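To start, the structure under review is shown below, and the notes come after it.
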Amino acid sequence: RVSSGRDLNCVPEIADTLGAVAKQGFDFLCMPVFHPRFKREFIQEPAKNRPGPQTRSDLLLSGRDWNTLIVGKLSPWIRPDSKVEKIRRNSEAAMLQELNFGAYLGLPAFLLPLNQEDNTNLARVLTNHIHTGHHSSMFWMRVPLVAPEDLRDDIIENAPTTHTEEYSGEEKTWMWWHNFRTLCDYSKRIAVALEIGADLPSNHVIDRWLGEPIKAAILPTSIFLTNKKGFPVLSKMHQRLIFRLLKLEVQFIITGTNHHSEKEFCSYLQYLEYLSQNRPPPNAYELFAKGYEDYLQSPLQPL
Amino acid sequence: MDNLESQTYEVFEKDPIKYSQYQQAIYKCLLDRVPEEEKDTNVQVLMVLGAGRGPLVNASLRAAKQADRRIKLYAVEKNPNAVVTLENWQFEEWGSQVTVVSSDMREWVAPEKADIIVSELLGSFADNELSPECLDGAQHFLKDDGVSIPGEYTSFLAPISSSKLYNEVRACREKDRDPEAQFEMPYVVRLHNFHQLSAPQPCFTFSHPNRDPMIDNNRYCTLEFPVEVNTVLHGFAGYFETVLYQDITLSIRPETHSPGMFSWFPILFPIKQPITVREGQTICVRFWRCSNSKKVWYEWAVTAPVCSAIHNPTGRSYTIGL
Amino acid sequence: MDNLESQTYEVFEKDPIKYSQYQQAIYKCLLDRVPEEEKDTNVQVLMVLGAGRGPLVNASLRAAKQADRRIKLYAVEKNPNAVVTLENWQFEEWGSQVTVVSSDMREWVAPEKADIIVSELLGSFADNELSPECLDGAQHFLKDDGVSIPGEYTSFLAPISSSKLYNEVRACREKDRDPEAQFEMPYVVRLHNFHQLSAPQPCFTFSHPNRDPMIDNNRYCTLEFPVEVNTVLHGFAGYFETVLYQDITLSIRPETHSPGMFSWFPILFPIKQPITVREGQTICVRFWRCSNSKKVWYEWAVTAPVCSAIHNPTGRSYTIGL
Amino acid sequence: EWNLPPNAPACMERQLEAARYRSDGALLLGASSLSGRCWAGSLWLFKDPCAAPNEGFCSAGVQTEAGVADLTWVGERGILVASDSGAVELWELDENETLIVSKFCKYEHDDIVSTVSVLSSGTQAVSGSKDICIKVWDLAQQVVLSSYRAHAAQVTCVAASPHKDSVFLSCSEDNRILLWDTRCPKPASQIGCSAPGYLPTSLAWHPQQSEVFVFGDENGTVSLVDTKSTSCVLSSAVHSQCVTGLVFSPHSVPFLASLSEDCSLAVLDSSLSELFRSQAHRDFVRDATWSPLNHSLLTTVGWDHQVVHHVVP
Ligand SMILES: O=C(NC[C@H](O)CN1CCc2ccccc2C1)c1cccc(NC2CCOCC2)c1
Ligand SMILES: O=C(NC[C@H](O)CN1CCc2ccccc2C1)c1cccc(NC2CCOCC2)c1
Ligand SMILES: Nc1ncnc2c1ncn2[C@@H]1O[C@H](C[C@@H](N)CC[C@H](N)C(=O)O)[C@@H](O)[C@H]1O
Ligand SMILES: Nc1ncnc2c1ncn2[C@@H]1O[C@H](C[C@@H](N)CC[C@H](N)C(=O)O)[C@@H](O)[C@H]1O
């Protein structure tokens with residue numbers, strides 16, 4: 001048995017949506033806090049003065065349901081490191097706004113993408129947030145195993161995908177995150193939500209996220225294979241990964257639409273439970289060493 | 001400087017007395033202001049200052065349909081996060097009887113003057129959330145004959161003995177700051193394992209509106225407490241009283257406590273060093289309310305039976321941001 | 001937030017260049033503004049903002065009797081202690097040609113608009129004494145065609161290596177504060193035992209007056225420094241340039257330093273951890289100017305060849321009070 | 001509210017996303033609810049174009065499930081919709097045209113579908129999404145025929161060529177404008193003036209040469225591109241914010257409509273000079289449509305919930 005959430009980017013009714021997913025078996029929900037498309041303006045008139053409400057009301061769920069069931073997502077239009085000054089400024093303000101809102105709601109965690117090399121300003125806005133007021137919320141960075149650019153189909157005739165290997169280039173993504181948490185000065189409130197893809201990278205660059213503060217793994221529906229009886233499964237190698245990630249007691253996150261209408265979402269989830277059930281079983285040492293992991297003791301003054 | 005979280009509003013909104021008491025205050029005031037024959041001719045303009053998730057607004061609506069009188073509402077609120085709840089309430093329910101304003105009340109340019117302003121901006125020591133400053137900054141848009149609710153509040157102090165609490169404050173030393181800062185700021189606390197050495201006495205009072213020629217919110221006050229037991233002083237419990245309208249009040253002063261109101265605990269003012277007091281003696285203490293343009297703070301000392309250090313000089317250990 | 005001491009003014013008043021350069025700036029500007037035939041018909045109104053012990057005022061008087069033109073003076077000054085010197089000068093010497101005003105320039109209600117305002121409110125990193133904010137708060141009383149002196153200033157940065165200075169900053173740890181605060185604030189320092197790793201580059205610029213639709217003094221800027229030697233980065237020297245009027249300038253940028261001007265040392269921006277840099281590499285750093293209503297601060301990081309911690313997030317280690 | 005005929009919903013959501021004239025002369029409207037309790041969308045037909053956005057004076061209406069990010073007419077009774085749900089849906093108008101019915105709703109994108117365009121023949125369509133994919137649909141079959149991960153960031157705009165059923169332009173936040181032609185083994189080709197400009201945010205083919213188009217960037221610039229020359233022909237700083245849309249007039253020598261998040265409309269000539277400008281909107285301007293019946297009439301909608309008819313010199 002594992003803890004796992006749904007990742008949605010569309011929620012017409014928050015009550016109904018939550019019910020659906022919990023009835024499907026999920027532990028929690030990743031959803032937006034403001035409408036993903038609801039670009040807001042903060043400086044120039046008249047848009048600046050747009051009549052409200054800016055978003056949904058808190059009253060739509062119990063405090064308990066907020067604290068325990070909902071993971072926030074940053075709006076996708078928010079680009080603090082844009083090269084366009086005006087965009088940069090609205091993104092700053094908007095990011096602050098969506099962040100203070102998550103904190104106002106007391107969400108247990110909030111998601112933010114690292115989908116490019118440069119996140120200096122995103123990092124600086126977030127650090128600035130962490131050192132303002134008091135809240136305990138976790139920040140999850142959505143970083144992918146393989147950069148979006150290195151995943152694209154080789155289908156631009158005049159811009160081929162540079163065919164033979166770069167040892168560094170398969171690692172660029174870890175450096176996105178490395179640099180990010182170094183600037184944020186290893187805050188303990190900033191962890192990783194690693195996105196798994198269809199094509200796993202070279203085994204080394206998977207090694208790379210050994211030791212890092214992974215708190216979740218995002219599996220898109222589109223990477224599941226399909227068995228003799230139309231059910232969703234994973235490649236042999238993708239299973240190696242799950243088993244490893246299970247040891248870290250990460251939470252799993254299913255994202256994207258269903259690509260097998262022949263059954264519910266609960267089938268993807270069902271499979272995961274199956275893998276947890278069928279892990280290389282806990283031994284004498286491992287059962288004993290359980291509530292002790294990464295716990296630092298000073299040794300004794302033996303004398 | 002900070003914004004209240006959704007769950008905070010949630011918990012306090014459930015108070016069984018604070019809200020009905022306000023409804024009753026607006027009710028009384030409406031009548032005293034529009035006479036029976038004028039009832040449909042006169043629409044009182046009512047401004048709620050710090051409207052939160054809207055319970056004072058609702059309670060105003062409930063007051064008007066109890067006085068059977070007519071009102072125009074503004075709901076001013078600084079917290080943009082709460083302003084979200086409000087703006088949702090006003091579209092789903094209230095309608096354009098309520099105008100929701102998302103700004104600070106010191107800042108808002110009001111389209112019109114008010115008949116009555118309304119606020120609950122009080123802390124356990126009455127004026128420790130800068131309600132003086134806020135209502136002073138808002139009063140220029142109150143009609144010349146305008147009522148404020150509340151009309152006044154008054155703080156109080158009583159000396160206490162408690163090793164238990166003295167030890168809890170002590171335990172509040174943090175790295176990277178004065179090793180004695182714990183002692184120079186007031187704690188909101190449910191006072192339990194303690195002894196009250198003398199009856200509470202009034203400390204600071206503020207009236208609203210302030211028809212004061214030139215307004216000054218700073219204060220200095222001296223209190224003498226008769227002590228008739230031997231003991232050791234570890235600090236002062238503060239409490240407060242407030243007049244909403246006429247006889248309708250709220251209080252956390254134990255001798256007049258409002259039955260069932262859980263919305264405020266008392267405050268604690270500690271002292272750096274405990275002071276022995278002989279049966280028969282008088283405790284003299286002193287409090288100052290201080291300010292500049294940026295922040296307001298308290299500073300205090302005991303002058304009898306011995307002196308303490310003047311506590312918190314300059315707001316060096318704590319201030320409240322303006 | 002603080003007031004300069006008499007001896008401070010005393011020492012800087014002896015600068016042999018800052019003063020004559022200002023005299024020359026006002027001189028040029030007066031001519032360009034009142035033509036020869038108009039000379040006795042037109043009396044330019046001149047406001048000195050932050051008048052100190054009055055040397056800019058005198059220098060204005062010297063400018064007018066050099067341009068052979070006629071001027072009305074105001075001497076605005078926030079420091080009441082200096083305002084004493086000024087008010088003594090104006091009774092003993094200046095006469096009612098000079099009106100001395102004892103207030104803040106953000107605050108003063110000016111009886112009339114100005115032809116030219118004049119100020120020296122600059123620090124070694126140009127805008128690190130909040131001259132942006134002050135002149136912005138004063139500009140509403142400058143005539144629509146009014147000149148500001150200075151017209152603009154520009155900050156600069158160059159990376160440096162110095163174990164000596166890295167060790168001096170380190171030595172600035174104090175009890176009762178972040179054990180790394182030393183590293184998150186800029187030091188005014190006469191840079192001596194150091195190596196400059198790359199040529200200075202411009203950082204932040206401000207123009208006056210600010211005909212900006214909606215004004216914003218905040219900033220973010222990215223700099224790339226070519227490094228052609230192996231070494232270890234310990235921080236950034238800041239310097240500045242300013243245009244008083246047209247070609248008349250002052251500078252502490254080494255390549256354009258004003259001969260004999262001792263009035264400003266360079267500034268140092270340290271970094272928490274020193275960073276190795278290979279011959280051939282590029283140092284990317286980043287600076288933000290930040291603010292709220294109460295204070296302005298800088299925050300900065302290195303992004304190449306490796307990252308540093310974002311320094312000073314929130315002004316937690318240092319801010320300049322508004 | 002004269003009748004609000006059967007199946008039309010009571011209220012129309014504030015955020016107007018799209019507006020399209022039929023050759024007939026009627027007006028198609030798309031609307032999202034982008035804030036408040038329910039995050040939905042709706043579709044509307046207004047045979048009286050002057051009577052919009054007023055709900056009771058409409059010919060037909062229908063609640064969609066999620067918001068509408070984009071849409072387009074299919075022939076004469078078809079309405080093709082880009083959903084928040086990640087679905088592309090087709091709604092087909094009533095025979096009397098007083099009812100609007102679901103035809104297919106296919107959940108094929110992994111994230112919000114943000115752009116949709118109909119190919120010349122009218123049998124096929126191409127859509128773009130935040131999932132970074134571009135998809136080609138058989139509208140008759142109700143299936144995805146082809147899927148393309150050409151881009152490295154979310155897709156901002158796709159647009160079919162006027163006349164060639166296999167050529168379409170797309171642009172994304174990965175800073176690429178792609179000329180497509182499915183006839184090639186490698187379909188996409190990267191067209192632009194040179195190396196990185198500002199991000200491309202909107203596209204329109206010239207209605208008279210399958211050879212020439214305009215693109216709009218996040219910085220407020222509209223530019224004119226020749227594929228035949230591959231160099232940046234002419235440009236102009238038309239806006240103070242993002243350029244969200246470009247619409248050519250039906251005129252022989254056509255005019256160019258240009259909408260933006262600065263809440264303004266501009267009409268430009270052949271050489272991109274300003275002929276007209278309108279501040280009528282007090283929130284974002286989302287779509288523009290030229291009257292088929294009167295070619296000097298132009299209609300625009302915004303998030304201010306205004307439906308606005310312009311007379312163009
Ligand atoms: O006195 C307390 N806090 C000082 C605050 O100014 C209290 N007011 C109470 C009125 C109020 C209304 C809306 C939003 C915030 C507030 C805060 C306090 C703090 C925490 C808890 C409590 N008491 C109750 C005891 C019964 O259960 C719920 C907490 C009281
Ligand atoms: O750069 C320095 N301080 C930053 C200040 O903003 C300098 N300005 C200089 C202009 C000025 C005028 C009046 C009152 C104060 C000030 C302060 C500084 C501080 C102490 C000493 C010096 N340099 C000179 C070196 C030659 O002997 C006298 C001290 C320079
Ligand atoms: N200067 C100010 N301007 C506007 N709102 C303020 C100001 N100061 C405090 N507030 C708001 O006033 C409220 C104070 C609360 N005690 C009242 C909440 C609400 N009326 C209730 O009784 O449940 C908070 O929501 C504050 O954010
Ligand atoms: N906001 C303000 N309003 C009025 N005076 C100010 C303000 N800020 C700084 N000052 C004064 O401006 C002066 C700045 C000095 N650098 C100039 C002193 C003098 N003019 C000199 O050059 O010797 C100081 O005397 C400050 O006290």
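Scheme for the structure tokens: letters A, B, ... for chains in order shown; per-chain residue numbers from 1; ligand numbers from 1 in order shown.
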| Close residues, region 232-248 of chain C itself excluded, 7 Å, only C-alpha atoms, min 2 positions apart in chain, as number ranges by chain | C: 21, 25, 124-126, 149-162, 166, 250-253, 266-271, 274-277
Output the contact residues of chain C with respect to chain B at a cut-off of 12 Å, based on only C-alpha atoms, as a compact mmCIF listing (two decimals) with N, CA, C and O atoms, in the first residue's frame.
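Contents of selection.txt, as written:
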# COMPACT_ATOMS: atom_id res chain seq x y z
N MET C 1 16.91 57.58 9.05
CA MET C 1 16.61 57.24 10.43
C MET C 1 17.59 57.88 11.41
O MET C 1 17.25 58.07 12.56
N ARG C 173 31.48 39.15 12.80
CA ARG C 173 30.45 38.44 13.54
C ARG C 173 30.22 39.07 14.91
O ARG C 173 31.17 39.32 15.63
N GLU C 174 28.96 39.33 15.23
CA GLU C 174 28.55 39.82 16.54
C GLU C 174 27.71 38.75 17.23
O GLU C 174 27.01 37.98 16.57
N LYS C 175 27.77 38.72 18.56
CA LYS C 175 26.80 38.00 19.39
C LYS C 175 25.33 38.38 19.04
O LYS C 175 25.05 39.41 18.43
N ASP C 176 24.40 37.52 19.43
CA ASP C 176 22.96 37.82 19.33
C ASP C 176 22.41 38.20 17.94
O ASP C 176 21.44 38.95 17.84
N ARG C 177 23.02 37.70 16.88
CA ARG C 177 22.47 37.86 15.54
C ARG C 177 22.97 36.72 14.68
O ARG C 177 23.86 35.98 15.08
N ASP C 178 22.38 36.59 13.49
CA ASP C 178 22.76 35.54 12.57
C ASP C 178 24.28 35.48 12.49
O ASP C 178 24.92 36.49 12.23
N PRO C 179 24.87 34.28 12.72
CA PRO C 179 26.33 34.14 12.65
C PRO C 179 26.91 34.36 11.25
O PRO C 179 28.08 34.08 11.03
N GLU C 180 26.10 34.84 10.32
CA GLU C 180 26.54 35.04 8.95
C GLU C 180 25.96 36.33 8.40
O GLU C 180 26.12 36.62 7.22
N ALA C 181 25.31 37.11 9.25
CA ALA C 181 24.88 38.45 8.86
C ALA C 181 26.01 39.33 8.30
O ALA C 181 25.78 40.03 7.32
N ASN C 292 9.88 47.99 0.38
CA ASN C 292 8.48 48.16 0.72
C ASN C 292 8.30 49.62 1.13
O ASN C 292 9.12 50.46 0.75
N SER C 293 7.25 49.95 1.87
CA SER C 293 7.02 51.35 2.24
C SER C 293 7.98 51.82 3.33
O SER C 293 8.20 53.02 3.49
N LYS C 294 8.55 50.86 4.06
CA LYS C 294 9.35 51.16 5.24
C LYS C 294 10.86 51.16 5.00
O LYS C 294 11.59 51.86 5.71
N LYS C 295 11.33 50.39 4.02
CA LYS C 295 12.77 50.20 3.82
C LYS C 295 13.13 49.73 2.44
O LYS C 295 12.31 49.15 1.73
N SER C 317 19.31 40.63 6.83
CA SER C 317 20.55 41.00 7.47
C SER C 317 20.78 42.50 7.47
O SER C 317 21.42 43.02 8.37
N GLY C 321 16.33 52.32 6.22
CA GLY C 321 15.03 52.81 6.62
C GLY C 321 14.49 53.99 5.84
O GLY C 321 15.22 54.97 5.59
N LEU C 322 13.20 53.91 5.46
CA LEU C 322 12.50 55.00 4.76
C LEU C 322 11.80 55.95 5.71
O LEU C 322 12.09 55.96 6.90
Per residue of chain B within 6 Å of ligand 3, what are the shortest atom pair and its distance in Å to one decimal, counting only C-alpha atoms and all ligand atoms, with rows by chain and residue number, as a tab-separated table?
residue	atom	partner	partner_atom_place_in_ligand_line	distance
B:9	CA	ligand 3	23 (O)	5.8
B:13	CA	ligand 3	23 (O)	5.0
B:49	CA	ligand 3	5 (N)	5.7
B:50	CA	ligand 3	12 (O)	3.0
B:51	CA	ligand 3	20 (N)	4.2
B:52	CA	ligand 3	25 (O)	3.8
B:55	CA	ligand 3	23 (O)	5.5
B:56	CA	ligand 3	20 (N)	5.2
B:76	CA	ligand 3	4 (C)	5.8
B:77	CA	ligand 3	5 (N)	4.0
B:78	CA	ligand 3	4 (C)	4.1
B:79	CA	ligand 3	27 (O)	4.8
B:104	CA	ligand 3	3 (N)	3.5
B:105	CA	ligand 3	3 (N)	3.9
B:106	CA	ligand 3	1 (N)	5.6
B:120	CA	ligand 3	16 (N)	5.0
B:121	CA	ligand 3	14 (C)	4.8
B:134	CA	ligand 3	1 (N)	4.9
Selection: 9 Å around residue 24 (chain C), only C-alpha atoms, excl. self and same-chain fewer than 3 positions, as a PDB file with C-alpha atoms, in the first residue's frame:
ATOM      1  CA  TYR C  19      31.785  71.742  -4.259  1.00  0.00           C
ATOM      2  CA  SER C  20      33.329  73.591  -7.183  1.00  0.00           C
ATOM      3  CA  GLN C  21      31.755  71.006  -9.504  1.00  0.00           C
ATOM      4  CA  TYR C  27      26.263  78.200 -13.202  1.00  0.00           C
ATOM      5  CA  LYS C  28      25.820  76.409 -16.564  1.00  0.00           C
ATOM      6  CA  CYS C  29      22.134  75.713 -15.814  1.00  0.00           C
ATOM      7  CA  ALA C  59      27.866  77.598  -3.738  1.00  0.00           C
ATOM      8  CA  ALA C  63      26.978  80.462  -9.012  1.00  0.00           C
ATOM      9  CA  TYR C 245      24.428  69.012 -15.369  1.00  0.00           C
ATOM     10  CA  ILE C 248      29.677  68.381 -15.439  1.00  0.00           C
TER      11      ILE C 248
END
| query | DSSP says helix (DSSP H, G or I) for which residues of region 73-289 of chain B? Put them as a ChimeraX atom specification? | reply | /B:82-97,131-136,139-141,163-170,181-183,254-256
Okay, now the selection with N, CA and C atoms, as an mmCIF file, in the first residue's frame?
data_model
loop_
_atom_site.group_PDB
_atom_site.id
_atom_site.type_symbol
_atom_site.label_atom_id
_atom_site.label_comp_id
_atom_site.auth_asym_id
_atom_site.auth_seq_id
_atom_site.Cartn_x
_atom_site.Cartn_y
_atom_site.Cartn_z
ATOM 1 N N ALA B 82 -8.762 37.109 2.501
ATOM 2 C CA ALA B 82 -10.093 37.094 3.104
ATOM 3 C C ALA B 82 -11.064 37.782 2.150
ATOM 4 N N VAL B 83 -10.624 38.934 1.630
ATOM 5 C CA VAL B 83 -11.286 39.660 0.556
ATOM 6 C C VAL B 83 -11.789 38.764 -0.586
ATOM 7 N N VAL B 84 -11.303 37.536 -0.630
ATOM 8 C CA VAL B 84 -11.705 36.570 -1.628
ATOM 9 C C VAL B 84 -13.037 35.945 -1.181
ATOM 10 N N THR B 85 -13.065 35.423 0.042
ATOM 11 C CA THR B 85 -14.280 34.985 0.700
ATOM 12 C C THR B 85 -15.385 36.038 0.601
ATOM 13 N N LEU B 86 -15.044 37.289 0.919
ATOM 14 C CA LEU B 86 -16.020 38.369 0.953
ATOM 15 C C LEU B 86 -16.637 38.554 -0.410
ATOM 16 N N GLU B 87 -15.771 38.692 -1.415
ATOM 17 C CA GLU B 87 -16.210 38.917 -2.779
ATOM 18 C C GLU B 87 -17.018 37.743 -3.338
ATOM 19 N N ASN B 88 -16.785 36.543 -2.810
ATOM 20 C CA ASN B 88 -17.623 35.379 -3.120
ATOM 21 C C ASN B 88 -18.992 35.470 -2.424
ATOM 22 N N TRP B 89 -19.022 35.743 -1.118
ATOM 23 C CA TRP B 89 -20.280 36.009 -0.403
ATOM 24 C C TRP B 89 -21.173 37.054 -1.089
ATOM 25 N N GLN B 90 -20.574 38.148 -1.564
ATOM 26 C CA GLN B 90 -21.360 39.255 -2.110
ATOM 27 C C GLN B 90 -21.928 38.962 -3.493
ATOM 28 N N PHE B 91 -21.316 38.045 -4.230
ATOM 29 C CA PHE B 91 -21.885 37.650 -5.502
ATOM 30 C C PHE B 91 -22.919 36.531 -5.304
ATOM 31 N N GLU B 92 -22.639 35.585 -4.418
ATOM 32 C CA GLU B 92 -23.559 34.467 -4.222
ATOM 33 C C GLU B 92 -24.787 34.863 -3.405
ATOM 34 N N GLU B 93 -24.630 35.829 -2.496
ATOM 35 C CA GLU B 93 -25.657 36.101 -1.480
ATOM 36 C C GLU B 93 -25.996 37.570 -1.250
ATOM 37 N N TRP B 94 -25.030 38.359 -0.803
ATOM 38 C CA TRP B 94 -25.356 39.705 -0.329
ATOM 39 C C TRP B 94 -25.945 40.637 -1.383
ATOM 40 N N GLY B 95 -25.456 40.562 -2.616
ATOM 41 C CA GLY B 95 -25.857 41.526 -3.634
ATOM 42 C C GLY B 95 -25.225 42.884 -3.394
ATOM 43 N N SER B 96 -25.671 43.877 -4.158
ATOM 44 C CA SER B 96 -25.026 45.186 -4.166
ATOM 45 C C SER B 96 -25.446 46.063 -2.990
ATOM 46 N N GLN B 97 -26.127 45.469 -2.019
ATOM 47 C CA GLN B 97 -26.290 46.153 -0.746
ATOM 48 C C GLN B 97 -24.919 46.300 -0.061
ATOM 49 N N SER B 131 -5.596 49.294 17.083
ATOM 50 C CA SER B 131 -6.917 49.762 16.727
ATOM 51 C C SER B 131 -7.060 51.277 16.891
ATOM 52 N N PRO B 132 -6.506 51.866 17.964
ATOM 53 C CA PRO B 132 -6.288 53.331 17.929
ATOM 54 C C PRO B 132 -5.871 53.881 16.569
ATOM 55 N N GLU B 133 -4.771 53.379 16.014
ATOM 56 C CA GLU B 133 -4.131 53.988 14.838
ATOM 57 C C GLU B 133 -4.976 53.796 13.598
ATOM 58 N N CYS B 134 -5.628 52.645 13.550
ATOM 59 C CA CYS B 134 -6.404 52.259 12.398
ATOM 60 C C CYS B 134 -7.688 53.064 12.338
ATOM 61 N N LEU B 135 -8.418 53.119 13.455
ATOM 62 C CA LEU B 135 -9.657 53.877 13.502
ATOM 63 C C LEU B 135 -9.349 55.397 13.392
ATOM 64 N N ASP B 136 -8.257 55.862 13.998
ATOM 65 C CA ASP B 136 -7.807 57.256 13.764
ATOM 66 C C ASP B 136 -7.550 57.578 12.295
ATOM 67 N N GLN B 139 -11.120 57.758 10.442
ATOM 68 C CA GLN B 139 -12.227 58.547 10.989
ATOM 69 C C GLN B 139 -12.600 59.787 10.165
ATOM 70 N N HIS B 140 -11.684 60.228 9.309
ATOM 71 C CA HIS B 140 -11.950 61.343 8.408
ATOM 72 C C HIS B 140 -13.124 61.079 7.453
ATOM 73 N N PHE B 141 -13.517 59.816 7.285
ATOM 74 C CA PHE B 141 -14.713 59.494 6.491
ATOM 75 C C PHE B 141 -15.937 59.071 7.310
ATOM 76 N N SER B 163 5.783 30.665 39.261
ATOM 77 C CA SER B 163 7.072 30.144 38.851
ATOM 78 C C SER B 163 6.905 29.370 37.573
ATOM 79 N N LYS B 164 5.781 28.680 37.453
ATOM 80 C CA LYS B 164 5.521 27.888 36.261
ATOM 81 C C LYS B 164 5.654 28.744 34.988
ATOM 82 N N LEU B 165 4.984 29.897 34.964
ATOM 83 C CA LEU B 165 4.994 30.777 33.784
ATOM 84 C C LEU B 165 6.316 31.521 33.615
ATOM 85 N N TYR B 166 6.922 31.888 34.735
ATOM 86 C CA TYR B 166 8.238 32.497 34.705
ATOM 87 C C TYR B 166 9.208 31.547 34.028
ATOM 88 N N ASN B 167 8.992 30.250 34.231
ATOM 89 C CA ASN B 167 9.901 29.274 33.673
ATOM 90 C C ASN B 167 9.625 29.006 32.209
ATOM 91 N N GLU B 168 8.369 29.178 31.801
ATOM 92 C CA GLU B 168 7.980 29.023 30.396
ATOM 93 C C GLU B 168 8.530 30.159 29.550
ATOM 94 N N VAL B 169 8.508 31.364 30.091
ATOM 95 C CA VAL B 169 9.029 32.527 29.361
ATOM 96 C C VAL B 169 10.524 32.337 29.191
ATOM 97 N N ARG B 170 11.202 32.051 30.299
ATOM 98 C CA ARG B 170 12.617 31.725 30.318
ATOM 99 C C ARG B 170 12.963 30.729 29.224
ATOM 100 N N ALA B 181 15.631 38.757 25.476
ATOM 101 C CA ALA B 181 14.467 39.216 24.732
ATOM 102 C C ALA B 181 13.151 38.538 25.159
ATOM 103 N N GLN B 182 13.172 37.216 25.437
ATOM 104 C CA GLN B 182 11.968 36.475 25.929
ATOM 105 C C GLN B 182 11.241 37.376 26.890
ATOM 106 N N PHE B 183 12.010 38.160 27.666
ATOM 107 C CA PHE B 183 11.388 38.809 28.828
ATOM 108 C C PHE B 183 10.774 40.136 28.477
ATOM 109 N N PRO B 254 -11.732 39.373 34.628
ATOM 110 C CA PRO B 254 -12.383 38.287 35.369
ATOM 111 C C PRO B 254 -13.634 38.698 36.139
ATOM 112 N N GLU B 255 -13.624 39.869 36.773
ATOM 113 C CA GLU B 255 -14.770 40.335 37.579
ATOM 114 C C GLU B 255 -16.000 40.719 36.746
ATOM 115 N N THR B 256 -15.831 40.845 35.430
ATOM 116 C CA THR B 256 -16.909 41.262 34.528
ATOM 117 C C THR B 256 -16.844 40.452 33.228
#
| message | Taking only C-alpha atoms and all ligand atoms and a cut-off of 6 Å, can you tell me which residues surround ligand 2, written as a list in words? | response | residues 9, 12, 122, 123, 124, 262, 263, 264 and 265 of chain C
| task | If you run DSSP over the backbone, which residues in region 56-209 of chain B end up strand (DSSP E)? Put them as a PyMOL selection string. | result | chain B and resi 70-76+98-101+114-119+142-149+152-161+187-188+195-196+201-207
Neighbour list for residue 116 (chain A) as a CSV table (one decimal) with C-alpha atoms, in the first residue's frame, cut-off 10 Å, only C-alpha atoms, skip fewer than 6 positions in-chain:
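And here's around-v7.csv as it stands now:
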chain,number,residue,atom,x,y,z
A,81,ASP,CA,12.5,34.7,-15.2
A,143,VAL,CA,11.8,18.5,-12.3
A,147,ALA,CA,14.5,17.8,-20.2
A,148,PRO,CA,11.5,18.5,-22.5
A,149,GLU,CA,13.9,19.6,-25.2
A,172,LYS,CA,21.4,19.1,-17.2
A,173,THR,CA,18.2,18.6,-15.3
A,176,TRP,CA,18.6,22.9,-12.7
A,177,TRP,CA,17.6,21.7,-9.3
D,153,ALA,CA,7.1,24.0,-24.2
| Can you tell me, as an MDAnalysis selection string, what residues are no more than 12 Å from residue 67 (chain C) when counting only C-alpha atoms, ignoring any on the same chain fewer than 5 positions away? | chainID C and resid 23:36 39:40 44 60:62
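Those residues that approach residue 272 (chain D) to within 10 Å, counting only C-alpha atoms, are residues 222, 223, 224, 234, 235, 236, 237, 238, 255, 256 and 267 of chain D; same-chain residues fewer than 5 positions away are not listed.
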| said: Only residues of chain D matter here; which ones have an atom within 12 Å of chain B, counting only C-alpha atoms? Give them as a VMD selection string. | reply: chain D and resid 35 to 38
| task | Give me the residues within 9 Å of residue 45 (chain C) as a ChimeraX atom specification, counting only C-alpha atoms and dropping any in the same chain fewer than 2 places off. | result | /C:43,47,70-74,112-117
